[PDB]
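In: this one's sequence-less:
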């Protein structure tokens, strides 16, 4: 007899052991990048004679 | 049940403003029938942001 989650299972002759394991490991990586660049120029010149 | 979350928030702001304005005008007149007149102005304006 072998019960997993209230279900009747039968171990075959080739399998030694089959045990349930939670083993929950999750990863989540988030990266952001922003760059601002501004340039302004206004030159005024006047000459009179 | 382990949990490790690291947040590295960084914000950088830099702003530079410089404005230079120069204006010079010179006029000279001399009369002794002789008549002479001279008028000349110069204006310069510059702004960068």
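Out: Good, I have the coordinates. Residues are numbered from 1 along each chain as shown, chains lettered A, B, ... in the order given.

In: I figured residue B:49 was touching residue A:42, is that so?
Out: No: if you go by CB atoms under 8 Å, residue B:49 and residue A:42 don't touch, sitting 9.3 Å apart. Where you see a C-beta, it was placed from the backbone N, CA and C, and this is true even at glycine.

In: How is the spatially most central residue of chain A assigned, secondary-structure-wise?
Out: The residue lying closest to the centre of chain A (CA atoms, centre = their mean) is residue A:28, at 3.3 Å. Residue A:28 carries the three-state label coil when classified by DSSP: H, G, I helix; E, B strand; the rest coil.

In: and residue B:44, how many neighbours?
Out: Neighbour count of residue B:44, defined by other CB atoms under 10 Å in any protein chain shown: 14.

In: Could you do the one 3 residues further on as well?
Out: Using other CB under 10 Å as the criterion, residue B:47 is surrounded by 14 other residues.
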